[PDB]
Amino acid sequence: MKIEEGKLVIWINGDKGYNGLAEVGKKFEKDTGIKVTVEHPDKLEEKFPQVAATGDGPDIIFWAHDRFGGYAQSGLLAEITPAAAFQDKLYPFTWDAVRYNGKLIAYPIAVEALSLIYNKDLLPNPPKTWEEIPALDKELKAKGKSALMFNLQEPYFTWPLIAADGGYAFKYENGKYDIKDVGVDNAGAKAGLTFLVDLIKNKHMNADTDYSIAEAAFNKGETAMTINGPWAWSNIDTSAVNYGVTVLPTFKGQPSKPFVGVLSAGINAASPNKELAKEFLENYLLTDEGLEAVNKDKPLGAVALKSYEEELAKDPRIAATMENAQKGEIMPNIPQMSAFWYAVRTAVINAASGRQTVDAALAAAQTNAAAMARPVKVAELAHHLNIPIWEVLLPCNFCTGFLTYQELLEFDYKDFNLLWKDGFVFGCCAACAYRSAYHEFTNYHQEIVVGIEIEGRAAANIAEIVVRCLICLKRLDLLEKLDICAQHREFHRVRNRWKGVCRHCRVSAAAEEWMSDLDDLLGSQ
């Protein structure tokens, strides 16, 4: 479905000040007459790339900067072009986190970092090292309480300990990041995760402790310490708990390295209100009047606005937030970060629950992260290899030839997908492309429809149906499909896929693997 013009729909995570932002949306409504609707769906960071690719989705997407690069690579975000004076209104390093391929793709909002939150009534002077926490918990068990309870279901909360001794996501030496080099199955990461598992072995922590269980246990004085961010400061105030925000403990003397997140706001590429959403994000809801209103509901930490960050720089809770931030490192915004987080989430959960040893869980995370971040397009492959496209030597999957430079560019032009077999990567040459389309169309042809009849047969609008050229396999754009409708021409259903003629073209066991390889070549979308 298409987005309604004249209305702003904003998606933001549930643990943020969405009520504090909805009140700012009404201030923009009093001056412009445009209602600003906020929504906090579950798994919005995953549902957004599902619906933004079909033109649907909200107008503004709120998340930490690590996810936006994947949205920009998929062509889901609109380029942010602020004024030269507006870029100096915010800190320069916050803009570096929202730049992808030399282009601003989001608005920096606030810098987030984990910190050690403890109950001062139940723990004076928290420990400076993780190693003395088992001894500290044994004393509090006699008092009927526990020492530390934080979220163990999201790797964001456990990564400070894992990265303290050598664990890293993607290694960056001199230029960019190294996708093939992931630092999850190293000696330092195995040490950090082992200490976390032994904490669960000795009944000092519970593997099923999530976000709300660790929050309720700290908002009721049941546990002494809890690791969380600035957004969870308001729930502790309403619970009347004398707490403190201090530095995270160290492991092997080395300080914990939390992954620093810059909350950002991106504009949907299919939004009919790009200028309306830009006016809200820039002038009439980002200044000190807007950031202060959102901070009332859920605190944001060290904001990116200079005129407002100095008014809270002397905050003891925010001062420690920046101390853990400098001892950590900023999250990459590369599209491969989703593969990293998915692999580490499984590793921590499987290790904590005892389903895998720490060694096996981290070894599999290394393999899974690389296997999920592997290039799908020729351009991505050349960038992965840090070589120009014409230096790529890509075997064809369907014959013994290697692709020419033109065939390499045509591979991505026709929206093909790289094939991975036995470690080798494969493409498809021009002759095999046309040869596969002919065999597919002359052996698996199912039905014919005339123009707009495809919408009923496919149960989808013409814009949302994936149609490829029955001759050259290229993906048809919206105008090619509408032209077939206007000219009353034929759409064909072949191998449960829809085919047509692009504006440019005119006219047993070995075959099953052939047609199976063609499925992976064309993909689902």
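Position 1 is the first residue in the sequence shown; the rest follow in order.
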Q: Please count the deposited residues lying between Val507 and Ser508 that the model leaves without coordinates, and give the class: none, 1 to 3, 4 to 9, or 10 or more.
A: 10 or more
Q. Between 406 to 414 and 71 to 79, which has the larger average Cα B-factor in the PDB entry?
A. 71 to 79
(Q) Mean CA temperature factor from the deposited coordinates, higher in 131 to 139 or in 356 to 364? (A) 131 to 139
**Q.** Residue selected from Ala319, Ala169, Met372, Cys399 by maximal Cα B factor
**A.** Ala319
Q: Kindly indicate the residue among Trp498, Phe62, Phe48, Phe28 with the greatest C-alpha B-factor in the PDB record.
A: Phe28
Q) Considering only modelled residues of the same chain, in which third does the CA B-factor of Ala240 rank: lowest, middle or highest? A) highest
Q.
Which third, lowest, middle or highest, does the C-alpha temperature factor of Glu453 belong to within its own chain?
A. lowest
**Q.** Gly229 CA temperature factor, ranked by third within the chain
**A.** middle
Q. What third of its chain's C-alpha B-factors does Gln153 belong to: lowest, middle or highest?
A. lowest
Q: Select lowest, middle or highest to describe the third in which the CA B-factor of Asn350 falls within its chain in this entry.
A: lowest
